[PDB]
Amino acid sequence: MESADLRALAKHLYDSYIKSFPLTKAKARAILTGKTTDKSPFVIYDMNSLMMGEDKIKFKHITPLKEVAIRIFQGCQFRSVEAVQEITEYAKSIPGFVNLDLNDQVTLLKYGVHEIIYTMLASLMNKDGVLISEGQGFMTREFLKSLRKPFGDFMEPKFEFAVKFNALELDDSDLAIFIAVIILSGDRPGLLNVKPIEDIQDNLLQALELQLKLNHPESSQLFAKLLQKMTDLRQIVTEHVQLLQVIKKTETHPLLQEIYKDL
Amino acid sequence: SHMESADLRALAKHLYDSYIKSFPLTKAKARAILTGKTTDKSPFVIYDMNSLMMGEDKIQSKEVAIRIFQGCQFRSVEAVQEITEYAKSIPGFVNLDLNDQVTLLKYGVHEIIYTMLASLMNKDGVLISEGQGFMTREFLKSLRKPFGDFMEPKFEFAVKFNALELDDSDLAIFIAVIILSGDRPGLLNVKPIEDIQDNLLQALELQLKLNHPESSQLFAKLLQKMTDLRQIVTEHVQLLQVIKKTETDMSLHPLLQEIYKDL
Ligand SMILES: CC[C@@H](NC(=O)c1ccc2c(c1)c(C)c(C)n2Cc1ccc(F)cc1F)c1ccccc1
């Protein structure tokens, strides 16, 4: 509607984005390049550095367990569950979300967290590795693909997406509106009242379009390129669940399986 | 109406919202079925062997006492899945050590099932089959030994617990307090667990004061009910040790077995 109101929505989403996500992209980019404050993350590049990292980095997912490739997949599921709760808190700050049907709120989050997890995973990724444990570590890309089959292929697609996605050079204020657009997708299966969802998303898309033009004046059709990335996000989520269904045939704890019943 | 009350009320609203999304049969719906004030919510009442056989196909050639006991396990296992889903929504729960998350769910899931079971109970019986059925207290008490002495401690607690007249918004915070118990055996980090419960205990005190202003010291009486919950769990595990050695042709559900392992 009003151009000034769209900037108010952009400022609101960014303020909530900071409160909901501790390790922002700006903080992650400072770690991946050097914030002139030392505190460089512990790098995991092989099996020996991984065993040293577990004795130094405070890992809160070390259950009595036997192969190494399972532990790494276990750690990435612990963080995923933490991420879902961060996204859920952020989704509640989107204007109009809490007023939606309660079943629709659950549906929008059920199918949206995966696409948001990979979107924000790109903020912690360069072409050589990904930050882990709130930025205290850095697991190299070569060490991830050196894992045995099929555990050596569940991160390479995210790297291929991140290197293309990070080329857009979006900051946290851009991602805050972009993440809100993904959550309010009116085409999620099982929605009961699509109209208010699309109404809010069309309002978020107007805010994102004005945000990208003011924050990236020299990027011609960046708004269009960012919408094309949403298509690539659903391709990986579909590709990941196919690899996830291969899992459950190899990892064969009852109470632990209920906490991680998804993803 | 200070700023501290704002966060406590926000925490109460968050938990109640997660409570509704995690449990499909709330106390409000349970009471609307039992009070019998409509026509579409009337349940089928099972009171003898005849009405038991009459109420079939409610959306094996086993013994009646065995078949009903097997049905209690499936609902218990399904309840563990719902409590596990609600636990992840408690702020800070998924950020704790993974072994502590399992330990809190291991010892907390019993005290919550019997707490919410009171919502489905009155003086004369308990709702079953998602509220479509209603099994009387005397029919369950008439089952062969020792299957007839399973539900009596639960009915006695429910009658005294329901006298507090708590609604779902009160139960949402009280259930969160039960999960974040820092006295569970085998915990690694008690300080982060006690910090979360102190916040939940603070939110429960304000919730009960605003929702039950005429009820004097309801917060103290609600906390004292933990003694009765512990007594039921102790009596329940003693009975299961009898069936384990008398009914060697059946076993508990694997998810239930892991909960009962050790303590
Ligand atoms: C803590 C786990 C504990 N579970 C119970 O003690 C229990 C018993 C009966 C319950 C319930 C919980 C609940 C939630 C309901 C609604 N019921 C009534 C009910 C519902 C459906 C039906 F088919 C028959 C019914 F009796 C348990 C552990 C191990 C083995 C068996 C049970």
Side-chain angles (χ1 to χ4, degrees), chain A residues 254-255 258, chain B residues 22-27 29-31 33-34 43-47 51-53 55-60 62-84 86 105-122 124-143 146-158 161 171 175 178-179 228-244 246-247 250-261 263:
Chain A
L255 194 56
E258 288 296 334
Chain B
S22 298
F23 307 108
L25 184 54
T26 62
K27 181 170 184 179
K29 175 170 180 173
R31 298 310 170 186
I33 294 179
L34 291 170
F44 186 86
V45 174
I46 294 179
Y47 62 96
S51 54
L52 173 66
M53 181 185 173
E56 299 304 287
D57 294 67
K58 289 199 280 75
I59 304 177
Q60 182 77 318
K62 241 68 175 301
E63 185 185 353
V64 40
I66 298 294
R67 204 196 318 170
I68 297 175
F69 192 84
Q70 299 285 6
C72 297
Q73 298 190 24
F74 168 78
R75 172 54 195 159
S76 295
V77 170
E78 200 174 21
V80 178
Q81 301 172 327
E82 300 168 15
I83 298 171
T84 301
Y86 176 72
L105 292 173
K106 179 189 183 68
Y107 292 90
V109 78
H110 264 66
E111 305 163 2
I112 300 174
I113 286 177
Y114 303 145
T115 293
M116 306 188 63
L117 184 55
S119 303
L120 318 180
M121 281 179 161
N122 59 35
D124 302 319
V126 56
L127 290 175
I128 66 173
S129 178
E130 312 177 34
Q132 300 172 264
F134 178 84
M135 197 164 299
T136 62
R137 181 178 178 178
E138 70 168 30
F139 175 77
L140 286 167
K141 194 176 177 59
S142 64
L143 296 178
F147 295 98
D149 258 52
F150 259 101
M151 299 300 291
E152 271 301 273
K154 286 81 178 179
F155 282 110
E156 294 175 342
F157 167 78
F161 186 84
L171 293 167
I175 287 172
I178 293 179
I179 293 178
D228 302 70
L229 285 171
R230 302 288 181 88
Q231 188 69 223
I232 292 189
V233 181
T234 301
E235 298 175 358
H236 182 82
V237 302
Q238 286 184 340
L239 292 176
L240 296 180
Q241 294 180 352
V242 179
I243 283 89
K244 181 185 178 64
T246 59
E247 312 297 314
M250 81 175 192
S251 293
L252 300 174
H253 190 276
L255 177 59
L256 295 176
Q257 295 189 24
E258 184 66 21
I259 297 176
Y260 289 115
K261 192 172 183 178
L263 227 211

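Side chains included, hydrogens not; waters and symmetry mates left out as well; all remaining heavy atoms used. In each ligand, atom 1 is the first atom listed, and ligand 1 is the first ligand listed. In what follows, chains carry the letters A, B, and so on, assigned in the order in which the sequence lines appear, proteins first and then strands, with residues in each chain numbered from 1.
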### Query
Counting only heavy atoms not in B/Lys244, do more than 12 fall under 6.0 Å of its NZ?
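No, not enclosed.
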### Task
For the pair B/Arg137 (side chain) and B/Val126 (backbone), establish whether a donor and an acceptor sit closer than 3.5 Å, ignoring hydrogens and angles.
no
### Query
Tell me, which pairs form a salt bridge (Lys or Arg N to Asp or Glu O under 4.0 Å) where one or both residues lie in residues 71-84 of chain B, sequence neighbours left out?
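Checked against salt bridge (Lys or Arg N to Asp or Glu O under 4.0 Å) - neighbours excluded - the pairs reaching residues 71-84 of chain B are B/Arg75-B/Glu78, B/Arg75-B/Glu82.
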Polar pairs, ligand 1 vs protein, N/O only, below 3.5 Å.
residue  : atom  : partner  : partner atom : Å
ligand 1 : 4 (N) : B/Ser76  : OG           : 2.4
ligand 1 : 6 (O) : B/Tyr114 : OH           : 3.3

### Query
Looking at B/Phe155, B/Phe161, B/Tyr114, which one forms a side chain to side chain contact (heavy atoms under 4.5 Å, CB included) with B/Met121?
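Of the listed options, the one satisfying the test is B/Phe155.
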### Task
Can you spot which of B/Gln241, B/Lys106, B/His236 makes a side chain to side chain donor-acceptor pair (under 3.5 Å) with B/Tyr260?
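Of B/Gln241, B/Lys106, B/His236, side chain to side chain donor-acceptor pair (under 3.5 Å) with B/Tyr260 is met by B/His236 alone.
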### Query
Closest heavy-atom contact between B/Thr115 and B/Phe157?
CA-CE2, 4.3 Å
